[PDB]
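Q: Sending over a structure as structure tokens; questions will come in a sec.
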Amino acid sequence: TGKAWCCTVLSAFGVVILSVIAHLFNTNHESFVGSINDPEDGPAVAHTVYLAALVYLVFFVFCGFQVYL
Amino acid sequence: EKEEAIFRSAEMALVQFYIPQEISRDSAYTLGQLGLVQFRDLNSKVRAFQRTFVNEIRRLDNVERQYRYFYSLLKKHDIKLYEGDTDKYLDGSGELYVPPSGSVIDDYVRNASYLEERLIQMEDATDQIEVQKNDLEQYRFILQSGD
Amino acid sequence: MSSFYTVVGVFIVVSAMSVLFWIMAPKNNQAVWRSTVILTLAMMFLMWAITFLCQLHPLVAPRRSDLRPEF
Amino acid sequence: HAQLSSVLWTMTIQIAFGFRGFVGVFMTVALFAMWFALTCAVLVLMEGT
Amino acid sequence: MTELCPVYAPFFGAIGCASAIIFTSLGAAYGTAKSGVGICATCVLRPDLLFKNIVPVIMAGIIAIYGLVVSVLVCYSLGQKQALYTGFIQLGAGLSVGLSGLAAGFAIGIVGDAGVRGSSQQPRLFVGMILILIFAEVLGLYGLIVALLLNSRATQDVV
Amino acid sequence: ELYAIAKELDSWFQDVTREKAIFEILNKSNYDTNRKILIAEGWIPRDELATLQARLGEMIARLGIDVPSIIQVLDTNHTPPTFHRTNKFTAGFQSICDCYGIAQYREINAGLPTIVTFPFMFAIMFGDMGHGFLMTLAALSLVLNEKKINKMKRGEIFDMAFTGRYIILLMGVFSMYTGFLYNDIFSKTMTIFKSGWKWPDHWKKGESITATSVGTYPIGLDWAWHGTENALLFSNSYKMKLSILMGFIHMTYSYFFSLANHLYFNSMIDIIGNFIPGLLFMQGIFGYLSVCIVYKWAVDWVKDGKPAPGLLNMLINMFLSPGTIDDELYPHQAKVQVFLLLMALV
Amino acid sequence: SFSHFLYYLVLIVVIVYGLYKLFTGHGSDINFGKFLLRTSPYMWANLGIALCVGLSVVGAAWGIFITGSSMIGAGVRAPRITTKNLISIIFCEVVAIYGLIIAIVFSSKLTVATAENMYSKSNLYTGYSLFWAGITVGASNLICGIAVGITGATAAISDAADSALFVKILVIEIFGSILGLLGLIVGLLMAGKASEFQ
Ligand SMILES: CO/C1=C\C(C)=C\[C@@H](C)[C@@H](O)[C@H](C)C/C(C)=C/C=C/[C@H](OC)[C@@H]([C@@H](C)[C@@H](O)[C@H](C)[C@@]2(O)C[C@@H](O)[C@H](C)[C@@H](C(C)C)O2)OC1=O
């Protein structure tokens, strides 16, 4: 069950960090889209990281259900 | 009140125990149960194998060797060893428990010696039976080879 | 904007807090509490004050070219 | 520590931002997993040792 | 072709980027090989220390991280029309991190081998082995720091 | 037979080990052949002397044997052991400070200031609010669940990092604090407050722009320093001077513990011959460097018009060329520098 | 030996080329002066900094593994000596600290110079000074680190037997560290008058 715990922790940290990153992208944060090297389209990257965070949330809930049982 | 000795070491006083031999074993038991005395080596001037209780330490060392041999037998003939009751002696703190009597220790020594004799006899018998069985098994295998 | 007197005021506040805690520290593990809290406050203030002084009248200004003209 | 953290962010997550679509989402997931693994391995655990 | 930006200027940057990973990888490989010999020697007698004694191999690999970081950061300022000053800055950073990482990897390998062979006999030596290995790794860290200091000046006031 | 043994072997072994330990301790006694008294000397803290007397009285009552005075406190010139009473919080720090060596009797414990200094130096070197948060969570997992981990068996790597669970917790908290002071969250920056740097009103794409000062950042490094070309030139100087200052402060704090030890031990000659000379040496050669580092930050060199004095070149010239100063940090700089050099050389 | 043969062949080729240039009347064509004047002082400065830090780290690592191998070997029977002989590793790493400091000081002098003043007297002097002071600091730290490592190995092996040996071999180890300190002092003295590239 160690793999389940590891994936639960990693997916929860993903749901937190990637959601924060996507929120910062959606608001056009200076540290994230403020340079010419940084991606030009804010909302597109925000939506992509929203989808990635949703995938990580699915993984998190699945692994948490596995741990609970 | 106990001094909270975190900034400096705890203040210590060298204490002398005038223990008669009539209650020496019980006094050592209580002093070890307290766990607050670092005994000084007052008898360091004399060399080894000449101290007061050398024979009785050697007897318990022999019993410990026998118990280690028993543990080796338990490990080789795979058997899980049942852990003792740690809470019986409280394994710490200043609480005092009823200590084993000298007769209990003598019974432990005699039982360990007799049972070591029995176990070594049985182990020798088992080893000779096993080695002759292994020889016969090898002979069976060499007879079982193809034409 | 701010000057060294801001650091002086923060030092005054930190020293007052340290003295108050030394006065009102609990009897149990009194030395542990006093040393831990006072030294934590001391180095927290020291590091914050160093960071503040480094940006009071800096001799280097942030230079970059990648910044987008919108920002 | 600061330079390794910045370079790890550059090589792991900053790459995933350019990609978009289903492949972009998959790359973001995989690259975040690798970034978190490398962080908790070398920076939090070993650079913290 | 400019006097400030010769056509051979990118050679120094490219070779510094190559060296930053080459020498750090050589040192990391020496450390990994020596520590692996030690670990495989000790695990025959004390298999329970197999995962505790892998630390020297881990710390040898961090040198490779330092080399990779310098190689990545050097590529930022690489270009066809780059000044000789930038090229020699890149070469100096690469040489610094590479030679420092090579020395650090050699020291980590030797001390890790000694420590893994001596900690199976005396478990109290694990702390000393870890301390000396940290002292060896901080040398590659210092090479990294010098490389970063040089790189910070790579493309500033350069024309 | 062996299964019969297995149900009782552990208790027998424990009893035999205790019986051998009590005789090994009793072996270190000056037995009197003429009398029947075993004379044994032990090192008990003065605090538990009454507890030991009460416990021995309880043992005497249990046995009922009448004995003369069994406890007699002695005043000798031996070296008493060094015992520090540790909690579950200070145990790991004292294990750290005892791995190096055991302190003298009634000597200033190095484990009390370690509790805070060691995690804080680790935080200065670590300096990350995201990685520090991960360390804090990893340590809190052990701290909150410490009862279960205490109950269960732990490995060599599990017993370690659990006896120091509070160590790791303090390091994580201080790392979060320093990462806030560095504005470094997973290598990014937090734009919590208003930056003191204002970018130009308008500029072409790809044009190098230099920000102008508007104020000072309240807490931590300014977030306008993120991604700039000269970010390293500022952060490196900041961190080098931070290291110098927080090393000088830590050194003088540790050196005053020598004064505390000498005062406790009534070694006035030690104070005169090793403390005052060394204190003057470090406060003239390296304390002066820290004072100059602080002063250079508090002077608006651009506004005042004086050139910025290189402190490293000043330190070099303080020894390799006394009396010569290229840049004037403060009036009568050469006189003070030669005075401090003479103080050190005396 | 292949290396000895290569060295001898290189020497013969160098001698033959020099004699060919000299006899034909083109002896001045092998001009080290033009090589030094036309070489970019950025090369000398960066090579000096890189070799300073690299050789300082090499010496530090050299002393570190020499001392650490002996400390671990003698610690099998006497584990108590590791913490007491850690001073030897500190004295081995202080030379790396010295090299790092010298590298910082020299990198403070790495300024972009104009094309017209590229090979000026001050710029060439700065390049030569940085190169040679870096070489001096690096080689001195290498030598000091090797010596301190040897002394620390002897100290660990000797104080494993009796702890009184460490307090008498620490004197020799301090003598060894004095060499690295003097190397740093001389390296700073050489580059004291070397101004930034302009
Ligand atoms: C396969 O990927 C592993 C390592 C690689 C390839 C890392 C690269 C990024 C490397 O190039 C970098 C440069 C070095 C690095 C980042 C090592 C970290 C290793 C992990 O450690 C957290 C172990 C760790 C899980 C494993 O080694 C052990 C099981 C162990 O957990 C056992 C524990 O008893 C022990 C306490 C612990 C200690 C020694 C760290 O290691 O993962 C691996 O093997």
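Throughout, chain G uses Swiss-Prot numbering, with the displayed residues spanning 16-213 in order.
Determined via electron microscopy, 3.2 Å.
Backbone N, Cα and C define each Cβ position, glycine as well.
Below, the features straight out of Swiss-Prot:
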SITE      G:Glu108  site 'Essential for proton translocation'
TOPO_DOM  G:36-61  topological domain 'Cytoplasmic'
TOPO_DOM  G:83-100  topological domain 'Vacuolar'
TOPO_DOM  G:122-144  topological domain 'Cytoplasmic'
TOPO_DOM  G:166-183  topological domain 'Vacuolar'
TOPO_DOM  G:205-213  topological domain 'Cytoplasmic'
TRANSMEM  G:62-82  transmembrane segment
TRANSMEM  G:101-121  transmembrane segment
TRANSMEM  G:145-165  transmembrane segment
TRANSMEM  G:184-204  transmembrane segment
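Describe each of these features in terms of where it is and what it packs against.
A: According to DSSP, G:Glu108 (site 'Essential for proton translocation') is assigned to a helical segment. The Cβ neighbour count for G:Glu108 (site 'Essential for proton translocation'), using a 10 Å radius and every protein chain shown, is 24.
Counting residues 6+ beyond its ends, the topological domain 'Cytoplasmic' (G:36-61) has Cβ neighbours under 8 Å at 121, 124-125, 133-134, 138-139, 141-143, 145-146, 212 in the same chain.
Taking DSSP states H, G and I as helix and E and B as strand, the topological domain 'Cytoplasmic' (G:122-144) has 10 helix, 0 strand, 13 coil.
Counting residues per DSSP class in helix, strand and coil order gives 17 helix, 0 strand, 1 coil for the topological domain 'Vacuolar' (G:166-183).
Counting same-chain residues at least six beyond the ends of the topological domain 'Cytoplasmic' (G:205-213), those with a Cβ under 8 angstroms from any Cβ of the stretch are 56-57, 60, 120-121, 123-129, 132, 135, 137-138, 140-142, 144-145, 147-148, 151.
Counting only same-chain residues 6+ beyond the ends of the transmembrane segment (G:145-165), those with a CB under 8 A from a CB of the stretch are 56, 59-60, 62-71, 73-82, 103, 106-107, 110-111, 113-114, 117-118, 121, 124, 188, 191-192, 194-195, 197-199, 201-203, 205-206, 209.
Proximity of distant same-chain residues to the transmembrane segment (G:184-204), defined by a Cβ-Cβ separation under 8 Å and at least 6 residues beyond the stretch ends, is recorded for 67, 74, 102-103, 106, 109-110, 113, 116-117, 120, 148-149, 151-152, 154-156, 158-160, 162-163, 166-167, 169-170, 173-174.
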Q: As a quick check of your reading of DSSP, tell me how many residues in the topological domain 'Cytoplasmic' (G:205-213) are helical, how many are strand and how many are coil.
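A: Reading the DSSP string over the topological domain 'Cytoplasmic' (G:205-213) gives 1 helix, 0 strand, 8 coil.
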Q: State the residues, same chain only, that lie 6 or more residues beyond the ends of the topological domain 'Cytoplasmic' (G:122-144) and have a CB under 8 A from a CB inside it; answer 'none' if no residue qualifies.
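A: Same-chain residues near the topological domain 'Cytoplasmic' (G:122-144) but 6 or more away: 51-53, 55-61, 64, 205-206, 208-213.
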Q: By DSSP, how many residues in the topological domain 'Cytoplasmic' (G:36-61) are helix, how many strand, and how many coil?
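A: Final tally across the stretch: 19 helix, 0 strand, 7 coil.
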